[PDB]
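**Student:** Provided herewith is a single structure, encoded as structure tokens, for subsequent inquiry.
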Amino acid sequence: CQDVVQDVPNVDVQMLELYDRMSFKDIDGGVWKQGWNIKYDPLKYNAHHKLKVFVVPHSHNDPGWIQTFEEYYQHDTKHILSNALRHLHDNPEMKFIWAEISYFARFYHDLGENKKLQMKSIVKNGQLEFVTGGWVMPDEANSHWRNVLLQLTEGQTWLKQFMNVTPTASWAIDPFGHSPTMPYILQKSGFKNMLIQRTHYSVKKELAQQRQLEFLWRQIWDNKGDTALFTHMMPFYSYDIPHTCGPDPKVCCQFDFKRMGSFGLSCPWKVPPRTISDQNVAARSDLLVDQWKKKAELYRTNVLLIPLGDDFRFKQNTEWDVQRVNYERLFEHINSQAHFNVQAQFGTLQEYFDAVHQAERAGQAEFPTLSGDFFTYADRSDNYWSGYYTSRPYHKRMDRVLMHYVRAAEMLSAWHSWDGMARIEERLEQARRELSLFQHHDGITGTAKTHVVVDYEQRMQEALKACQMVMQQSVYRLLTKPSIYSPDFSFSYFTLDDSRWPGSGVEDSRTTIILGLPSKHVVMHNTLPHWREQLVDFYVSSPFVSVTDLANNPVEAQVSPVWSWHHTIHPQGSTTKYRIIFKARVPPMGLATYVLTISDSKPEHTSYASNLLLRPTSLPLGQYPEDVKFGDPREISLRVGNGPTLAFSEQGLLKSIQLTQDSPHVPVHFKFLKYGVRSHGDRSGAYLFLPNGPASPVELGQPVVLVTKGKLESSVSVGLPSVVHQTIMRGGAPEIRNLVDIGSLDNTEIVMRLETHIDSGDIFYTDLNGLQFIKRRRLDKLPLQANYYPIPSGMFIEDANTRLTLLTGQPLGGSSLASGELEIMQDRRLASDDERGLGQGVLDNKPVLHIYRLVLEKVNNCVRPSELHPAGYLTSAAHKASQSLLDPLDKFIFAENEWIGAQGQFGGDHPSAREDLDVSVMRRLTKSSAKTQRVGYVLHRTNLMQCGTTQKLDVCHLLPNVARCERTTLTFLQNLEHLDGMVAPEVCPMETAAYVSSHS
Ligand SMILES: OC[C@@H]1NCC=C[C@H]1O
Ligand SMILES: [Zn+2]
């Protein structure tokens, strides 16, 4: 295993370094506004050395944006694919590439048999070529790597099953900036090439100048380079025809033949396209070939990629005709005229990449190496696209909930074969597909029209219900004696209980366990492959409850009141229901059963939290044994167990953390601020963050502070404008919860900021797709919005001695705008459109419960990478805190009065793997009729910082009667290695591997 800490990789282009050097000057470069006047030597190409040009027709199909998936399917995409089937069938030299398998599967299953066979034949002969073959073209900023893999697997599994093809070339023309997580997953899924478009105009210019727009993209930690994936960056402003023929859109627009008469479209540069004739073909070819030869100067081979398409193009029969016939006339003239020294034809993306690598192996070119990312994107001037890192934060949070629910449903149901009557495979397919669809670059991004967001939400709501049904049927089968297990596959044996989605302040939909019915069975699931202990809570009808395991051993517990906030923002207690809080111990990938039992009076093993209200009136709590205390606002300090001591201001916001008894009170201040929108010039919208100066403090007033002090759990909640802010303490890193209701504060963005004396300077770390931490440098030469980066799961600052890490349960935008600071946007409400085509601002805000862990640590005794290393790594504590947010224990309440044949535990004999190893995916790949059953596992090993302080996991033996163990691509679709003694080796730090076990 490569060291990923001490050795820095050697790359030609390191994007953090490039950022340090680049001036980012927004110079007017002429007809190529963000470039220069390209020159070429006409003697460069001759009859020996010709320019080979591939014109690659395409149609950008958004699975939701202005319309819903179904609306676009019915009114646009259905007609595009029908016309493609017909026109490619009838025109054997014509070509077309297709990216979104969500739409293609929708279309193919509607076809009659005749058309299905016609479709298979134009795919088999390479006319219609799938590019990437994901369910969608995902967002790369907010998307979790697990969901990027999920949506890739959904699409390619469909393509393999139905078209017998697996794409090896990726096409990503629309995501708003690009992540190295994509080459990471693609290269481990059999890919050989990828293409990207939306990078910063200054980066296009800088790389174009060095012919570095094609590069071997490797991970920031990868010394050896085996992660490398060949990447083509397109050089110009857009993927549309005006910005794909060459540097001058006024010329290129004349070669988009849909922009003439009968179609009702036009060229903004005022020169229309003309039909190619014998009279004008020499003149028109002169202009077009000159554009091609200019574009070719930016690349290292004599093979040129010319995309030909735009948003939902190739819809009409007549569009196919006018583009095809005019280009054929141009090709026929250009190829016949030796003076051009060009061979031009319709081609596909893999045809382009194959020809580029042939040129490379002929000795024509050697490609530069590159590491880093392409955030934050700007398309023009100061228009940085950091807005969508936060836009529609409710659905951003919902994404991470559904991610966990799909993993837990696939894992819990994987243990057994199910009868088709159970509809397990149907429910899991539905859940995978709705979560996969939401990875779209107008889904999780929050860049779709209000009604489309509603469609996404309802699809994810149904996916969540499907996951619950699979999980509760699985738990019933796993913990019921086989002698009794007699399933009704339509019955609810358990109801799920989820404290954090949507949150009791958002949807007051937790079931109260009603005891009098004296006892109630609850079950916890642990999707992680190590033993876990975690506090769990349930709502109960009475404060007089005690906890046992199934063997009747008592379990220490705490009872707190149920609290809700009301607009003055004041708490009110429940007289009716109470929280029972206790520590569940759950095996790796297993289940643990506990029992809640009522009694006459205070039980022996259950304690009662005190409650202090700081502002008064009086708050009855019914049967709750301890009266609520009142006091004037004052500073307060709390410690739970052996854990940190936290001090809070009189506004109830953190001000210091003391790690240990004999350690300093380290300053750590939470503050809420607000950004506005410009009165003059460009307005913030769903995409763009265009602040009118630094954030100004929120006016807190004199707020009400509720302090709940318990043996197992304490918390400080405060009712601020737009935010009920809560700090919860269970004995380790505190948990922060913000109930964010931006209400009708138009043109406002609410930020949460941490202020410390950590001497971070201009350095900070943010993650990419929950997979890796990348070093960021704040640049005062760039505007504030350019220093905003995606925070998909975490961010940290460190000096030589001290680190602060903020872990998130949701992707939000964030930065460190000054030494010692972290900040992260909570929500944003924008009255205006930002002119990228969405045609609305963001005024559909709803209450969302944002969750975090705050980890203050000493790192002076940690082995940290070189100061030249472009990566950072979490500690054990920060990693486990992330895992607690993204993959908590699942909680199940037995629905019925009696559970005959209940068992106490499943998975007690499961191996407890090292803390840096995860079973990201467990998925049964076969239905019950397969005589050979197959189960797929994805194994991810992270890299933790070593600071001073388990059984081997062989996934192929987790199930019995194992006949074969194969290492596969991450999609499970290609066998890479038949494994020795059917033992799945453990993987290197920052490596992800997939394995399929086969069983008798
Ligand atoms: O995905 C549809 C849109 N294409 C142009 C710009 C941004 C995207 O939302
Ligand atoms: Zn798009």
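Rule-based calculations on the coordinates, nothing more; no lab input. For neighbour counting, all protein chains shown are included, and Cβ atoms are generated from backbone atoms with ideal geometry for every residue, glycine included.
**Student:** Under the rule of at least 5 residues apart or a separate chain, name every residue whose amide H is placed under 5 Å from the amide H of residue 64.
**Tutor:** Amide H neighbours of residue 64: 69.
**Student:** Going by a ≥ b ≥ c, the root eigenvalues of the Cα gyration tensor, does the range 382-492 fall in the rounded group (a/c under 1.5), the prolate group (a/b larger than b/c) or the oblate group?
**Tutor:** On the way: a/c = 3.54, a/b = 2.92, b/c = 1.21.
Taking the square roots of the gyration eigenvalues as a ≥ b ≥ c, the range 382-492 is prolate.
**Student:** Taking the Cβ of residue 646 as the center, what net charge do the other residues with Cβ under 10 Å away carry, scoring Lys and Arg +1 and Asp and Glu -1? Numbers along the way, then the final one.
**Tutor:** Details: positive: 639, 655; negative: none.
Neighbourhood net charge equals +2.
**Student:** Same structure, new question: Please give the peptides 317-330, 147-160 ranked by average Cβ packing (other Cβ atoms within 10 Å per residue), highest first, as a rough proxy for protection. Walk me through the numbers before you get to the answer.
**Tutor:** Working: 317-330: 17.9, 147-160: 24.2.
Packing order, densest peptide first, comes out as 147-160, 317-330.
**Student:** So which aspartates and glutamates pass the test for residue 224, namely a Cα distance under 17 Å, with those fewer than 8 places away in the same chain ruled out?
**Tutor:** Output for residue 224: 3, 7, 12, 991.
**Student:** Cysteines of the chain lacking any other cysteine beta carbon under 4.7 Å?
**Tutor:** 467
**Student:** Among 83, 155, 340, whose Cα projects farthest towards the positive end of the dipole of the range 1-381, with charges put on the beta-carbon of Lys, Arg (+1) and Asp, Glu (-1)?
**Tutor:** It is 340.
**Student:** Taking the Cβ-Cβ separation of residue 345 and residue 6 as r and a Förster radius of 51 Å, what is the calculated FRET efficiency to the nearest 0.05? Before the final figure, lay out the partial values.
**Tutor:** On the way: r = 50 Å, r/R0 = 0.99.
Using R0 = 51 Å, I get an efficiency of 0.50.
**Student:** Tell me, what ³J(HN,Hα) does each residue in the range 832-849 have, in order and in whole Hz, if you take phi through Karplus 6.51 cos²θ - 1.76 cosθ + 1.60 with θ = phi - 60° and put x for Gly and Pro?
**Tutor:** In residue order, the calculated couplings are 10, 6, 10, 6, 10, x, 6, x, 6, x, 10, 10, 10, 3, 9, x, 9, 9 Hz.
**Student:** What pairs from 465/846; 192/294; 465/891; 583/891 go past 18 Å between their alpha carbons?
**Tutor:** Numbers: 465/846 21 Å; 192/294 27 Å; 465/891 15 Å; 583/891 12 Å.
Table pairs above 18 Å Cα-Cα are 465/846; 192/294.
**Student:** Let me ask something else. What's the magnitude of the charge dipole for the range 869-950 around its Cα centre, counting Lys and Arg as +1 and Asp and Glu as -1 at the beta-carbon? Answer in Debye, nearest 20.
**Tutor:** Working: 9 positive and 8 negative charges, 103 e Å.
Roughly 500 debye for the range 869-950.
**Student:** Just to confirm my numbers, what's the Cα centroid distance between the range 189-239 and the range 661-687 in Å?
**Tutor:** Here the two parts' Cα centres lie 33 Å apart.
**Student:** Okay, next question. Could you name the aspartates and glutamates whose alpha carbon sits less than 20 Å from that of residue 520, not counting residues in the same chain fewer than 8 places away?
**Tutor:** Output for residue 520: 497, 498, 537, 549, 556, 600, 604, 890, 896, 898.
**Student:** Related question: Among the DSSP beta bridges whose two residues both lie in the chain, what percent are antiparallel, rounded to the nearest 5?
**Tutor:** On the way: 163 of 199 bridges.
The answer is about 80 percent antiparallel.
**Student:** In nm, give the distance between the simple-model label positions of residue 759 and residue 250, each being 7 Å from the Cα along the Cα-to-Cβ direction.
**Tutor:** In this crude label model, residue 759 to residue 250 measures out at 5.7 nm.
**Student:** Now a separate question. Can you give the charge dipole size of the range 610-887 about its Cα centre, rounded to the nearest 20 debye, using +1 on the beta carbon of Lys and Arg and -1 on the beta carbon of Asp and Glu?
**Tutor:** On the way: 28 positive and 30 negative charges, 68 e Å.
I would put it at about 320 debye.
**Student:** Determine the alpha carbon to alpha carbon distance for each of 315/927; 120/293; 115/188; 671/880 and list only those over 31 Å.
**Tutor:** Details: 315/927 38 Å; 120/293 36 Å; 115/188 34 Å; 671/880 26 Å.
Table pairs above 31 Å Cα-Cα are 315/927; 120/293; 115/188.
**Student:** Specify which residue in the list 401, 452, 438 is farthest towards the positive end of the charge dipole of the range 382-492, using unit charges on the beta carbon of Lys, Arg (+1) and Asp, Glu (-1), about the Cα centre.
**Tutor:** Result: 401.
**Student:** Report the calculated FRET efficiency for residue 912 and residue 961 (r = Cβ-Cβ distance, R0 = 25 Å), to the nearest 0.05. Display every interim value, and only then the final one.
**Tutor:** On the way: r = 23 Å, r/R0 = 0.94.
Between residue 912 and residue 961 the formula returns 0.60.
**Student:** In terms of the Cα gyration tensor, with a ≥ b ≥ c the square roots of its eigenvalues, is the range 610-887 rounded because a/c is under 1.5, prolate because a/b exceeds b/c, or oblate? Mind dumping the intermediate values first?
**Tutor:** Numbers: a/c = 1.98, a/b = 1.17, b/c = 1.69.
It comes out oblate by the Cα gyration axes.
**Student:** Along Cα→Cβ, 7 Å out, is where each label goes; now give me the distance between the ones at residue 574 and residue 988 in nm to one decimal.
**Tutor:** 5.2
**Student:** Where does each of 800-812, 836-848 land if you order them by average Cβ count within 10 Å, highest first?
**Tutor:** Details: 800-812: 23.2, 836-848: 17.7.
Highest mean packing first, the order is 800-812, 836-848.
**Student:** Along the Cα→Cβ direction, 7 angstrom out, place labels at residue 358 and residue 124. What is the inter-label distance in nm?
**Tutor:** According to this spin-label approximation, the distance is 2.4 nm.
**Student:** Next question, about the same structure. Is any residue of the range 721-745 close enough, with backbone N under 13 Å, to a label point placed 7 angstrom from the Cα of residue 831 along the Cα-Cβ axis, and if so, which?
**Tutor:** Within reach of a label on residue 831: 744-745.
**Student:** Suppose every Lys and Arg Cβ carries +1 and every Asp and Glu Cβ carries -1, with no other charges. What dipole size does the range 382-492 come out with about its Cα centre, to the nearest 20 debye?
**Tutor:** Numbers: 14 positive and 13 negative charges, 58 e Å.
Roughly 280 debye for the range 382-492.
**Student:** Around residue 171, which amide H atoms from residues at least 5 apart in sequence, or from another chain, sit under 5 Å from its own amide H, with H modelled in the peptide plane?
**Tutor:** Counting only residues 5 or more places away or on other chains, the set is 132, 195.
**Student:** Separation of the range 571-646 and the range 436-466 by C-alpha centroid, Å?
**Tutor:** If you average the Cα positions of each part, the centres end up 36 Å apart.
**Student:** What's the center-to-center distance, using Cα atoms, between the range 486-507 and the range 700-715 in Å?
**Tutor:** With the range 486-507 and the range 700-715 each reduced to a Cα centre, they are spaced 29 Å.
**Student:** Right, next: Sort the following peptides by mean Cβ neighbour count (other Cβ atoms within 10 Å, averaged over residues), highest first: 622-630, 953-961. Show your work: numbers first, answer last.
**Tutor:** Values: 622-630: 14.2, 953-961: 17.8.
Averaged packing, sorted descending, gives the order 953-961, 622-630.
**Student:** How high is the FRET efficiency between residue 746 and residue 25 when r is their beta carbon distance and R₀ equals 35 Å, given to the nearest 0.05? It would help to have the intermediate numbers written out before the result.
**Tutor:** Numbers: r = 35 Å, r/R0 = 1.00.
Given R0 = 35 Å and the Cβ-Cβ separation, E is 0.50.
**Student:** What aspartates and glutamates could a cross-link reach from residue 95, if we take a straight Cα to Cα line under 19 Å and drop same-chain neighbours fewer than 8 places away?
**Tutor:** The reachable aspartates and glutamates, counting only those whose Cα sits under 19 Å from residue 95, are 129, 240, 256, 310, 311, 319, 321, 328, 332, 351, 354.
**Student:** Have a look at 653, 679, 691 and report the one farthest towards the positive end of the charge dipole of the range 649-703, computed about the Cα centre with Cβ charges (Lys/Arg +1, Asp/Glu -1).
**Tutor:** It is 679, whose Cα lies furthest towards the positive end.
**Student:** Among residues other than residue 864 whose Cβ falls under 15 Å from its Cβ, what is the net charge (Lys/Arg +1, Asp/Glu -1)? All intermediate terms of the calculation are to be shown ahead of the outcome.
**Tutor:** Working: positive: 775, 803, 858; negative: 3, 7, 759, 798, 799, 857, 867.
Here the count lands on -4.
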